[PDB]
2 protein chains.
Amino acid sequence: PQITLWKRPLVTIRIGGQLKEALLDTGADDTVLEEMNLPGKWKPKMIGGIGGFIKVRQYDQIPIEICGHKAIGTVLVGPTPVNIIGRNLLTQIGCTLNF
Amino acid sequence: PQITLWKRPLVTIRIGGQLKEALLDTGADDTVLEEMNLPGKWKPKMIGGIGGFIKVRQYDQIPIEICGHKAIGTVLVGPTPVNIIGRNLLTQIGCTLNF
Ligand SMILES: CC[C@H](C)CN(C[C@@H](O)[C@H](Cc1ccccc1)NC(=O)c1cccc(O)c1)S(=O)(=O)c1ccc2ncsc2c1
């Protein structure tokens with residue numbers, strides 16, 4: 001599909017049996033999700049943006065479904081105000097910028 | 001052009017006869033540039049990102065040529081971690097997400 005940018009590029013994602021709205025974000029290196037208690041091992045990390053840094057938990061090899069497309073990779077979990085699908089997963093679902 | 005996302009979508013922009021590198025950032029509502037001088041009146045503004053809120057200077061009706069495509073619109077100047085082109089200008093240059 002094609003998504004114009006008049007509004008925020010929010011789409012439905014699925015991780016386990018939680019469905020969430022998340023930004024398709026070309027400015028995000030990594031995928032950052034709102035606080036959720038995912039199973040398995042993780043590592044602490046700090047990521048920076050406008051306003052400074054937040055602390056996140058890095059979970060690896062998490063399957064995630066984005067608009068019916070299958071992805072699997074690293075997801076950072078922490079106190080972000082919005083769910084952010086970053087480039088690590090955008091490539092997996094075949095996402096490009098075009099103009 | 002078509003831009004893939006295995007690397008950061010950094011492009012050369014021209015603003016005030018100056019060449020800068022900026023990130024095409026679909027998760028950003030606004031276009032935010034690192035500290036620089038621009039002519040004319042500005043308004044104090046505050047914006048929020050992943051790490052909290054910052055103060056920026058709001059310049060309106062500023063021409064920027066992004067990867068050869070002309071835009072004229074609002075540019076915020078302040079302590080962003082990197083120059084970002086947000087949706088306000090991405091729409092002007094006809095940028096869409098496709099997968
Ligand atoms: C450095 C370039 C940018 C600012 C990085 N950010 C992505 C950017 O699209 C973020 C995404 C976002 C949206 C809404 C609330 C919080 C965050 N956008 C913004 O900061 C933003 C948003 C609205 C208006 C505005 O002027 C700026 S990010 O801070 O969210 C981010 C995301 C993923 C990531 N992975 C490693 S560092 C890192 C930082």
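Read the numbers this way: they start at 1 and go in the same order the structure lists the ligands and their atoms. Within every chain, numbering begins at 1; the chains are lettered A, B, ... in the order of the sequence lines, protein sequences first and strands thereafter.
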Asks: Do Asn88(A) and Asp30(A) have side-chain N/O donor and acceptor atoms under 3.5 Å apart?
Replies: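 No donor-acceptor contact under 3.5 Å links the two side chains.
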Asks: Do you know which of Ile66(B), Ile93(B), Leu10(B) makes side chain to side chain contact (heavy atoms under 4.5 Å, CB included) with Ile85(B)?
Replies: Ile66(B)
Asks: For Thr12(A) and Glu21(A), which I'm curious about, is there any donor-acceptor pair between the side chains at under 3.5 Å?
Replies: yes
Asks: Any salt bridge linking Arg14(A) with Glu65(A)? Criterion: basic side-chain nitrogen under 4.0 Å from a carboxylate oxygen.
Replies: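 Here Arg14(A) pairs with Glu65(A) in a salt bridge, since their nearest N and O are under 4.0 Å apart.
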Asks: Non-hydrogen atoms closer than 4.0 Å to ligand 1: which protein residues do they belong to? List them by chain and number, please.
Replies: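 Residues within 4.0 Å of ligand 1: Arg8(A), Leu23(A), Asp25(A), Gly27(A), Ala28(A), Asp29(A), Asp30(A), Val32(A), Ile47(A), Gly48(A), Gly49(A), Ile50(A), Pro81(A), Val82(A), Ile84(A), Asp25(B), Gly27(B), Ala28(B), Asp29(B), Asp30(B), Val32(B), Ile47(B), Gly49(B), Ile50(B), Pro81(B), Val82(B).
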Asks: Could you walk me through whether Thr96(B) and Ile3(A) satisfy the side chain to side chain contact (heavy atoms under 4.5 Å, CB included) test, starting with their C-alpha distance in whole Å, then the side-chain angles of each, then the deciding distance to 0.1 Å, before giving a yes or no?
Replies: CA-CA 6 Å; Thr96(B) 63; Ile3(A) 301 173; over 6 Å; no
Asks: Between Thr26(B) and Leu23(A), is there a side-chain heavy-atom distance shorter than 4.5 Å?
Replies: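 No, side chains not in contact.
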